[PDB]
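Q: Sharing coords.pdb here; it has PDB, N, CA and C atoms.
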```
ATOM      1  N   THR T   1      89.584  84.579  87.781
ATOM      2  CA  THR T   1      88.928  85.519  88.685
ATOM      3  C   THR T   1      89.940  86.449  89.345
ATOM      4  N   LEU T   2      91.086  85.908  89.762
ATOM      5  CA  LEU T   2      92.122  86.740  90.363
ATOM      6  C   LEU T   2      92.650  87.765  89.368
ATOM      7  N   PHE T   3      92.882  87.344  88.121
ATOM      8  CA  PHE T   3      93.356  88.270  87.099
ATOM      9  C   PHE T   3      92.319  89.344  86.810
ATOM     10  N   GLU T   4      91.040  88.968  86.775
ATOM     11  CA  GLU T   4      89.983  89.948  86.549
ATOM     12  C   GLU T   4      89.918  90.964  87.681
ATOM     13  N   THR T   5      90.046  90.503  88.927
ATOM     14  CA  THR T   5      90.027  91.421  90.063
ATOM     15  C   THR T   5      91.226  92.365  90.037
ATOM     16  N   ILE T   6      92.416  91.838  89.735
ATOM     17  CA  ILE T   6      93.603  92.687  89.674
ATOM     18  C   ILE T   6      93.481  93.697  88.538
ATOM     19  N   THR T   7      92.912  93.280  87.403
ATOM     20  CA  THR T   7      92.701  94.205  86.292
ATOM     21  C   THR T   7      91.707  95.299  86.664
ATOM     22  N   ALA T   8      90.633  94.933  87.369
ATOM     23  CA  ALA T   8      89.660  95.927  87.809
ATOM     24  C   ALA T   8      90.293  96.935  88.758
ATOM     25  N   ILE T   9      91.165  96.467  89.653
ATOM     26  CA  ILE T   9      91.853  97.385  90.556
ATOM     27  C   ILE T   9      92.838  98.263  89.789
ATOM     28  N   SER T  10      93.534  97.689  88.803
ATOM     29  CA  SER T  10      94.585  98.420  88.102
ATOM     30  C   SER T  10      94.026  99.459  87.140
ATOM     31  N   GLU T  11      92.821  99.283  86.636
ATOM     32  CA  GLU T  11      92.280 100.298  85.753
ATOM     33  C   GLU T  11      91.996 101.578  86.534
ATOM     34  N   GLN T  12      91.618 101.429  87.796
ATOM     35  CA  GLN T  12      91.334 102.561  88.664
ATOM     36  C   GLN T  12      92.546 103.416  88.951
ATOM     37  N   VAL T  13      93.693 102.785  89.149
ATOM     38  CA  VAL T  13      94.900 103.536  89.438
ATOM     39  C   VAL T  13      95.463 104.096  88.150
ATOM     40  N   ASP T  14      95.688 105.399  88.133
ATOM     41  CA  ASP T  14      96.213 106.077  86.969
ATOM     42  C   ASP T  14      97.650 106.453  87.286
ATOM     43  N   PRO T  15      98.593 106.015  86.445
ATOM     44  CA  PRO T  15     100.014 106.284  86.651
ATOM     45  C   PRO T  15     100.318 107.770  86.624
ATOM     46  N   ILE T  16      99.638 108.512  85.759
ATOM     47  CA  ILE T  16      99.834 109.946  85.653
ATOM     48  C   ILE T  16      99.477 110.702  86.932
ATOM     49  N   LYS T  17      98.289 110.463  87.486
ATOM     50  CA  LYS T  17      97.864 111.164  88.694
ATOM     51  C   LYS T  17      98.584 110.631  89.926
ATOM     52  N   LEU T  18      98.755 109.311  90.010
ATOM     53  CA  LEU T  18      99.524 108.734  91.107
ATOM     54  C   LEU T  18     100.959 109.240  91.092
ATOM     55  N   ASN T  19     101.559 109.326  89.902
ATOM     56  CA  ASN T  19     102.932 109.798  89.783
ATOM     57  C   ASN T  19     103.063 111.238  90.256
ATOM     58  N   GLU T  20     102.138 112.109  89.842
ATOM     59  CA  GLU T  20     102.252 113.509  90.248
ATOM     60  C   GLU T  20     101.966 113.684  91.739
ATOM     61  N   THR T  21     101.007 112.927  92.284
ATOM     62  CA  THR T  21     100.737 112.981  93.719
ATOM     63  C   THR T  21     101.954 112.548  94.532
ATOM     64  N   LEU T  22     102.554 111.411  94.164
ATOM     65  CA  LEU T  22     103.719 110.918  94.888
ATOM     66  C   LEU T  22     104.916 111.841  94.707
ATOM     67  N   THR T  23     105.059 112.443  93.523
ATOM     68  CA  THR T  23     106.139 113.395  93.297
ATOM     69  C   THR T  23     105.987 114.618  94.189
ATOM     70  N   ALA T  24     104.764 115.148  94.294
ATOM     71  CA  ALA T  24     104.528 116.283  95.179
ATOM     72  C   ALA T  24     104.817 115.923  96.629
ATOM     73  N   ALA T  25     104.361 114.751  97.080
ATOM     74  CA  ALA T  25     104.596 114.358  98.470
ATOM     75  C   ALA T  25     106.084 114.172  98.759
ATOM     76  N   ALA T  26     106.820 113.598  97.802
ATOM     77  CA  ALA T  26     108.244 113.371  98.014
ATOM     78  C   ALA T  26     109.011 114.682  97.993
ATOM     79  N   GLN T  27     108.626 115.615  97.118
ATOM     80  CA  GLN T  27     109.293 116.910  97.141
ATOM     81  C   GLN T  27     108.933 117.660  98.415
ATOM     82  N   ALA T  28     107.728 117.417  98.937
ATOM     83  CA  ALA T  28     107.284 118.063 100.165
ATOM     84  C   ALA T  28     108.152 117.655 101.341
ATOM     85  N   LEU T  29     108.482 116.366 101.439
ATOM     86  CA  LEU T  29     109.123 115.870 102.651
ATOM     87  C   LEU T  29     110.622 115.636 102.514
ATOM     88  N   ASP T  30     111.189 115.772 101.314
ATOM     89  CA  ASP T  30     112.569 115.371 101.051
ATOM     90  C   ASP T  30     113.578 116.136 101.903
ATOM     91  N   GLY T  31     114.202 115.449 102.857
ATOM     92  CA  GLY T  31     115.222 116.050 103.691
ATOM     93  C   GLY T  31     114.723 116.871 104.857
ATOM     94  N   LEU T  32     113.415 116.882 105.120
ATOM     95  CA  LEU T  32     112.847 117.754 106.140
ATOM     96  C   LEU T  32     112.030 117.010 107.188
ATOM     97  N   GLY T  33     111.994 115.677 107.146
ATOM     98  CA  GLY T  33     111.202 114.941 108.121
ATOM     99  C   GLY T  33     111.712 115.101 109.540
ATOM    100  N   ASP T  34     113.025 114.947 109.730
ATOM    101  CA  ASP T  34     113.606 115.147 111.054
ATOM    102  C   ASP T  34     113.437 116.590 111.510
ATOM    103  N   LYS T  35     113.634 117.541 110.594
ATOM    104  CA  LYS T  35     113.405 118.946 110.909
ATOM    105  C   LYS T  35     111.956 119.192 111.308
ATOM    106  N   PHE T  36     111.011 118.581 110.589
ATOM    107  CA  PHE T  36     109.597 118.771 110.898
ATOM    108  C   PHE T  36     109.243 118.203 112.268
ATOM    109  N   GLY T  37     109.777 117.027 112.605
ATOM    110  CA  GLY T  37     109.529 116.471 113.928
ATOM    111  C   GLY T  37     110.140 117.307 115.039
ATOM    112  N   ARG T  38     111.371 117.781 114.831
ATOM    113  CA  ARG T  38     111.996 118.668 115.805
ATOM    114  C   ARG T  38     111.201 119.958 115.952
ATOM    115  N   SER T  39     110.614 120.441 114.855
ATOM    116  CA  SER T  39     109.781 121.636 114.916
ATOM    117  C   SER T  39     108.497 121.379 115.688
ATOM    118  N   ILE T  40     107.924 120.183 115.551
ATOM    119  CA  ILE T  40     106.738 119.845 116.337
ATOM    120  C   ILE T  40     107.080 119.813 117.822
ATOM    121  N   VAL T  41     108.243 119.258 118.169
ATOM    122  CA  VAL T  41     108.681 119.264 119.567
ATOM    123  C   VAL T  41     108.899 120.695 120.059
ATOM    124  N   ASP T  42     109.532 121.529 119.229
ATOM    125  CA  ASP T  42     109.754 122.924 119.596
ATOM    126  C   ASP T  42     108.438 123.661 119.794
ATOM    127  N   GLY T  43     107.468 123.428 118.910
ATOM    128  CA  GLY T  43     106.156 124.025 119.077
ATOM    129  C   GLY T  43     105.440 123.525 120.311
ATOM    130  N   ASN T  44     105.659 122.261 120.673
ATOM    131  CA  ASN T  44     105.126 121.737 121.925
ATOM    132  C   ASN T  44     105.681 122.513 123.114
ATOM    133  N   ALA T  45     106.991 122.768 123.109
ATOM    134  CA  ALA T  45     107.592 123.568 124.177
ATOM    135  C   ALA T  45     107.061 125.001 124.171
ATOM    136  N   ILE T  46     106.914 125.588 122.981
ATOM    137  CA  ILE T  46     106.419 126.959 122.862
ATOM    138  C   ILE T  46     105.004 127.068 123.410
ATOM    139  N   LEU T  47     104.140 126.114 123.062
ATOM    140  CA  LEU T  47     102.778 126.124 123.578
ATOM    141  C   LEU T  47     102.755 125.881 125.080
ATOM    142  N   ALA T  48     103.623 124.994 125.576
ATOM    143  CA  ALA T  48     103.703 124.760 127.014
ATOM    144  C   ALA T  48     104.136 126.011 127.762
ATOM    145  N   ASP T  49     104.897 126.888 127.110
ATOM    146  CA  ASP T  49     105.304 128.136 127.746
ATOM    147  C   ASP T  49     104.326 129.283 127.510
ATOM    148  N   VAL T  50     103.501 129.205 126.469
ATOM    149  CA  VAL T  50     102.603 130.302 126.113
ATOM    150  C   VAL T  50     101.225 130.139 126.747
ATOM    151  N   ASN T  51     100.667 128.926 126.729
ATOM    152  CA  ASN T  51      99.327 128.709 127.273
ATOM    153  C   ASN T  51      99.155 129.142 128.728
TER     154      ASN T  51
ATOM    155  N   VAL U   1     107.058  73.472  91.643
ATOM    156  CA  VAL U   1     106.641  72.331  90.837
ATOM    157  C   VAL U   1     106.205  71.170  91.725
ATOM    158  N   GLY U   2     106.972  70.880  92.776
ATOM    159  CA  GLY U   2     106.648  69.782  93.668
ATOM    160  C   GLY U   2     107.841  69.253  94.440
ATOM    161  N   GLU U   3     108.066  67.938  94.369
ATOM    162  CA  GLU U   3     109.167  67.246  95.046
ATOM    163  C   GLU U   3     109.099  67.437  96.567
ATOM    164  N   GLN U   4     108.053  66.856  97.146
ATOM    165  CA  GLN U   4     107.871  66.897  98.589
ATOM    166  C   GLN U   4     108.962  66.101  99.302
ATOM    167  N   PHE U   5     109.202  66.466 100.556
ATOM    168  CA  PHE U   5     110.103  65.726 101.432
ATOM    169  C   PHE U   5     109.735  66.062 102.872
ATOM    170  N   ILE U   6     110.405  65.409 103.819
ATOM    171  CA  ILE U   6     110.146  65.638 105.236
ATOM    172  C   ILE U   6     111.465  65.960 105.923
ATOM    173  N   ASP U   7     111.489  67.053 106.683
ATOM    174  CA  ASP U   7     112.700  67.562 107.310
ATOM    175  C   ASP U   7     112.557  67.467 108.820
ATOM    176  N   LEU U   8     113.573  66.917 109.472
ATOM    177  CA  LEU U   8     113.620  66.806 110.923
ATOM    178  C   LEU U   8     114.478  67.948 111.453
ATOM    179  N   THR U   9     113.849  68.886 112.153
ATOM    180  CA  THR U   9     114.507  70.105 112.602
ATOM    181  C   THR U   9     114.587  70.117 114.122
ATOM    182  N   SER U  10     115.795  70.304 114.647
ATOM    183  CA  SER U  10     116.020  70.413 116.084
ATOM    184  C   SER U  10     116.820  71.676 116.356
ATOM    185  N   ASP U  11     116.218  72.614 117.092
ATOM    186  CA  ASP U  11     116.904  73.863 117.409
ATOM    187  C   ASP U  11     118.105  73.627 118.315
ATOM    188  N   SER U  12     117.959  72.750 119.311
ATOM    189  CA  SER U  12     119.072  72.459 120.210
ATOM    190  C   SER U  12     120.192  71.720 119.488
ATOM    191  N   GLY U  13     119.843  70.749 118.650
ATOM    192  CA  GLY U  13     120.847  69.966 117.945
ATOM    193  C   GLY U  13     121.734  69.146 118.856
ATOM    194  N   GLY U  14     121.180  68.628 119.944
ATOM    195  CA  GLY U  14     121.968  67.847 120.879
ATOM    196  C   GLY U  14     121.085  67.273 121.964
ATOM    197  N   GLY U  15     121.715  66.495 122.841
ATOM    198  CA  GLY U  15     121.008  65.860 123.935
ATOM    199  C   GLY U  15     120.658  64.415 123.648
ATOM    200  N   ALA U  16     119.541  63.948 124.198
ATOM    201  CA  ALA U  16     119.092  62.587 123.944
ATOM    202  C   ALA U  16     118.657  62.430 122.491
ATOM    203  N   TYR U  17     118.765  61.205 121.987
ATOM    204  CA  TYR U  17     118.432  60.895 120.606
ATOM    205  C   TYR U  17     117.287  59.893 120.551
ATOM    206  N   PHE U  18     116.562  59.919 119.435
ATOM    207  CA  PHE U  18     115.480  58.970 119.215
ATOM    208  C   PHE U  18     116.022  57.553 119.073
ATOM    209  N   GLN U  19     115.196  56.586 119.457
ATOM    210  CA  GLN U  19     115.518  55.177 119.322
ATOM    211  C   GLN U  19     114.700  54.560 118.190
ATOM    212  N   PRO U  20     115.184  53.480 117.572
ATOM    213  CA  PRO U  20     114.439  52.868 116.464
ATOM    214  C   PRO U  20     113.046  52.424 116.888
ATOM    215  N   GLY U  21     112.082  52.626 115.991
ATOM    216  CA  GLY U  21     110.701  52.294 116.259
ATOM    217  C   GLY U  21     109.905  53.359 116.982
ATOM    218  N   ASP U  22     110.503  54.508 117.284
ATOM    219  CA  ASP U  22     109.803  55.564 117.999
ATOM    220  C   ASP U  22     108.968  56.402 117.033
ATOM    221  N   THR U  23     108.322  57.432 117.573
ATOM    222  CA  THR U  23     107.456  58.311 116.804
ATOM    223  C   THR U  23     107.767  59.760 117.157
ATOM    224  N   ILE U  24     107.661  60.635 116.163
ATOM    225  CA  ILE U  24     107.802  62.073 116.355
ATOM    226  C   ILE U  24     106.405  62.679 116.330
ATOM    227  N   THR U  25     105.913  63.092 117.499
ATOM    228  CA  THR U  25     104.559  63.629 117.598
ATOM    229  C   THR U  25     104.466  65.060 117.081
ATOM    230  N   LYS U  26     105.522  65.851 117.254
ATOM    231  CA  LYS U  26     105.522  67.229 116.779
ATOM    232  C   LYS U  26     105.617  67.256 115.259
ATOM    233  N   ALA U  27     104.763  68.054 114.624
ATOM    234  CA  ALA U  27     104.706  68.078 113.171
ATOM    235  C   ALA U  27     104.303  69.461 112.681
ATOM    236  N   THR U  28     104.645  69.736 111.423
ATOM    237  CA  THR U  28     104.283  70.975 110.750
ATOM    238  C   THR U  28     103.996  70.652 109.288
ATOM    239  N   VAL U  29     103.066  71.396 108.692
ATOM    240  CA  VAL U  29     102.655  71.186 107.303
ATOM    241  C   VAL U  29     102.597  72.547 106.611
ATOM    242  N   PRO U  30     102.914  72.644 105.314
ATOM    243  CA  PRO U  30     102.930  73.951 104.637
ATOM    244  C   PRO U  30     101.571  74.639 104.636
ATOM    245  N   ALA U  31     101.590  75.903 104.210
ATOM    246  CA  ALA U  31     100.424  76.771 104.311
ATOM    247  C   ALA U  31      99.358  76.465 103.269
ATOM    248  N   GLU U  32      99.712  75.738 102.202
ATOM    249  CA  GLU U  32      98.814  75.297 101.133
ATOM    250  C   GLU U  32      98.428  76.453 100.214
ATOM    251  N   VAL U  33      98.149  76.143  98.950
ATOM    252  CA  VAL U  33      98.035  77.162  97.910
ATOM    253  C   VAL U  33      96.593  77.622  97.721
ATOM    254  N   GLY U  34      95.637  76.697  97.734
ATOM    255  CA  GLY U  34      94.250  77.019  97.485
ATOM    256  C   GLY U  34      93.662  78.034  98.451
ATOM    257  N   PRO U  35      93.845  77.823  99.762
ATOM    258  CA  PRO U  35      93.436  78.864 100.718
ATOM    259  C   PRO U  35      94.116  80.201 100.486
ATOM    260  N   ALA U  36      95.388  80.199 100.078
ATOM    261  CA  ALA U  36      96.082  81.454  99.805
ATOM    262  C   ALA U  36      95.472  82.179  98.611
ATOM    263  N   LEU U  37      95.157  81.443  97.540
ATOM    264  CA  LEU U  37      94.505  82.052  96.385
ATOM    265  C   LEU U  37      93.134  82.603  96.753
ATOM    266  N   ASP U  38      92.362  81.843  97.537
ATOM    267  CA  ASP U  38      91.054  82.324  97.973
ATOM    268  C   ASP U  38      91.183  83.592  98.805
ATOM    269  N   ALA U  39      92.140  83.612  99.736
ATOM    270  CA  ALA U  39      92.336  84.782 100.583
ATOM    271  C   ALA U  39      92.750  85.996  99.764
ATOM    272  N   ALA U  40      93.647  85.807  98.791
ATOM    273  CA  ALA U  40      94.069  86.921  97.945
ATOM    274  C   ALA U  40      92.902  87.465  97.132
ATOM    275  N   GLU U  41      92.115  86.569  96.530
ATOM    276  CA  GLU U  41      90.979  87.005  95.724
ATOM    277  C   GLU U  41      89.951  87.742  96.573
ATOM    278  N   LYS U  42      89.657  87.227  97.770
ATOM    279  CA  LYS U  42      88.651  87.868  98.609
ATOM    280  C   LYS U  42      89.158  89.176  99.202
ATOM    281  N   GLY U  43      90.457  89.270  99.489
ATOM    282  CA  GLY U  43      91.005  90.524  99.972
ATOM    283  C   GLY U  43      91.015  91.603  98.909
ATOM    284  N   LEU U  44      91.340  91.236  97.667
ATOM    285  CA  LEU U  44      91.350  92.223  96.595
ATOM    286  C   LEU U  44      89.946  92.576  96.120
ATOM    287  N   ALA U  45      88.996  91.646  96.229
ATOM    288  CA  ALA U  45      87.660  91.877  95.694
ATOM    289  C   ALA U  45      86.833  92.832  96.543
ATOM    290  N   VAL U  46      87.187  93.021  97.818
ATOM    291  CA  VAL U  46      86.399  93.885  98.694
ATOM    292  C   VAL U  46      86.833  95.341  98.642
ATOM    293  N   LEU U  47      87.975  95.641  98.039
ATOM    294  CA  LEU U  47      88.413  97.025  97.918
ATOM    295  C   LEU U  47      87.477  97.783  96.981
ATOM    296  N   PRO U  48      86.973  98.953  97.380
ATOM    297  CA  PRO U  48      86.121  99.750  96.485
ATOM    298  C   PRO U  48      86.959 100.462  95.433
ATOM    299  N   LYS U  49      86.870  99.988  94.189
ATOM    300  CA  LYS U  49      87.735 100.498  93.130
ATOM    301  C   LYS U  49      87.303 101.882  92.655
ATOM    302  N   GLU U  50      85.996 102.143  92.615
ATOM    303  CA  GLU U  50      85.528 103.487  92.286
ATOM    304  C   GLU U  50      86.002 104.493  93.327
ATOM    305  N   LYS U  51      85.986 104.097  94.602
ATOM    306  CA  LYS U  51      86.567 104.931  95.647
ATOM    307  C   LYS U  51      88.061 105.132  95.429
ATOM    308  N   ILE U  52      88.756 104.111  94.918
ATOM    309  CA  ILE U  52      90.179 104.257  94.613
ATOM    310  C   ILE U  52      90.386 105.342  93.564
TER     311      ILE U  52
END
```
Represent the structure of the file as structure tokens.
A:
Amino acid sequence: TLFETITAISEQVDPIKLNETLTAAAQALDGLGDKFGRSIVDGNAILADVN
Amino acid sequence: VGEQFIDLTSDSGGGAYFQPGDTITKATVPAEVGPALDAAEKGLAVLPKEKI
């Protein structure tokens, strides 16, 4: 039963689509997470001064 | 495979010691396999695979 359940779950996941999705997400964030967070803080300051 | 045993664990590792004929009331037993298999099967079986 456990093997059947794992097989049912694994047929749903497609390596091709999962691979391209994860590749896009990793290229999206690679080396820019700290920059993105600092930008969110900067935008917080900008909005606090603009509103 | 198996080969059970019983381990006496003391974090302090010092102080007073047990005397012959005494009893150790504090005990622990492993998590057991059958409940773990049941939990794994039930956790995986509720995921909606078509939604995945």
Q: Using all atoms listed in the file, tabulate the residues of chain T lying at most 8 Å from any atom of chain U, each with its closest atom pair and that distance in Å to one decimal, by chain and increasing residue number, as CSV.
A:
```
residue,atom,partner,partner_atom,distance
T:1,C,U:41,CA,6.5
T:2,CA,U:41,CA,5.5
T:3,N,U:41,CA,7.8
T:5,CA,U:45,CA,6.1
T:6,N,U:44,C,6.9
T:8,C,U:49,CA,6.2
T:9,CA,U:49,CA,5.8
T:10,N,U:49,CA,7.8
T:11,C,U:49,C,7.7
T:12,C,U:52,C,5.4
T:13,N,U:52,C,6.1
T:14,N,U:52,C,7.6
```
Q: Would you save the residues from that selection as a PDB file, in the frame of the given file, using N, CA and C atoms?
A:
```
ATOM      1  N   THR T   1      89.584  84.579  87.781  1.00  0.00           N
ATOM      2  CA  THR T   1      88.928  85.519  88.685  1.00  0.00           C
ATOM      3  C   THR T   1      89.940  86.449  89.345  1.00  0.00           C
ATOM      4  N   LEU T   2      91.086  85.908  89.762  1.00  0.00           N
ATOM      5  CA  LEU T   2      92.122  86.740  90.363  1.00  0.00           C
ATOM      6  C   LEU T   2      92.650  87.765  89.368  1.00  0.00           C
ATOM      7  N   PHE T   3      92.882  87.344  88.121  1.00  0.00           N
ATOM      8  CA  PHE T   3      93.356  88.270  87.099  1.00  0.00           C
ATOM      9  C   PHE T   3      92.319  89.344  86.810  1.00  0.00           C
ATOM     10  N   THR T   5      90.046  90.503  88.927  1.00  0.00           N
ATOM     11  CA  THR T   5      90.027  91.421  90.063  1.00  0.00           C
ATOM     12  C   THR T   5      91.226  92.365  90.037  1.00  0.00           C
ATOM     13  N   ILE T   6      92.416  91.838  89.735  1.00  0.00           N
ATOM     14  CA  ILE T   6      93.603  92.687  89.674  1.00  0.00           C
ATOM     15  C   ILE T   6      93.481  93.697  88.538  1.00  0.00           C
ATOM     16  N   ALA T   8      90.633  94.933  87.369  1.00  0.00           N
ATOM     17  CA  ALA T   8      89.660  95.927  87.809  1.00  0.00           C
ATOM     18  C   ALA T   8      90.293  96.935  88.758  1.00  0.00           C
ATOM     19  N   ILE T   9      91.165  96.467  89.653  1.00  0.00           N
ATOM     20  CA  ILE T   9      91.853  97.385  90.556  1.00  0.00           C
ATOM     21  C   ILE T   9      92.838  98.263  89.789  1.00  0.00           C
ATOM     22  N   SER T  10      93.534  97.689  88.803  1.00  0.00           N
ATOM     23  CA  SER T  10      94.585  98.420  88.102  1.00  0.00           C
ATOM     24  C   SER T  10      94.026  99.459  87.140  1.00  0.00           C
ATOM     25  N   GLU T  11      92.821  99.283  86.636  1.00  0.00           N
ATOM     26  CA  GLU T  11      92.280 100.298  85.753  1.00  0.00           C
ATOM     27  C   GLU T  11      91.996 101.578  86.534  1.00  0.00           C
ATOM     28  N   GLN T  12      91.618 101.429  87.796  1.00  0.00           N
ATOM     29  CA  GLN T  12      91.334 102.561  88.664  1.00  0.00           C
ATOM     30  C   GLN T  12      92.546 103.416  88.951  1.00  0.00           C
ATOM     31  N   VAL T  13      93.693 102.785  89.149  1.00  0.00           N
ATOM     32  CA  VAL T  13      94.900 103.536  89.438  1.00  0.00           C
ATOM     33  C   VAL T  13      95.463 104.096  88.150  1.00  0.00           C
ATOM     34  N   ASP T  14      95.688 105.399  88.133  1.00  0.00           N
ATOM     35  CA  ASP T  14      96.213 106.077  86.969  1.00  0.00           C
ATOM     36  C   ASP T  14      97.650 106.453  87.286  1.00  0.00           C
TER      37      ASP T  14
END
```
Q: When you draw a straight line from atom N of residue 21 (chain U) to CA of residue 8 (chain U), how long is it in Å?
A: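 Separation of atom N of residue 21 (chain U) and CA of residue 8 (chain U): 15.1 Å.
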Q: Which residues in chain U does DSSP call helix (DSSP H, G or I)? List them as a PyMOL selection string.
A: chain U and resi 33-45
Q: In Å to one decimal, how far is atom C of residue 27 (chain T) from atom C of residue 42 (chain T)?
A: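 If I compute the distance from atom C of residue 42 (chain T) to atom C of residue 27 (chain T), I get 22.2 Å.
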Q: When you draw a straight line from atom C of residue 5 (chain U) to CA of residue 30 (chain U), how long is it in Å?
A: 10.6 Å
Q: To test the calculation: enclose all listed atoms of region 14-31 of chain T in a box whose edges run along x, y and z, add 6 Å on each side, then state centre and edge lengths in Å to one decimal, as AutoDock Vina command-line options.
A:
```
--center_x 105.5 --center_y 111.7 --center_z 95.3 --size_x 31.5 --size_y 24.7 --size_z 31.2
```
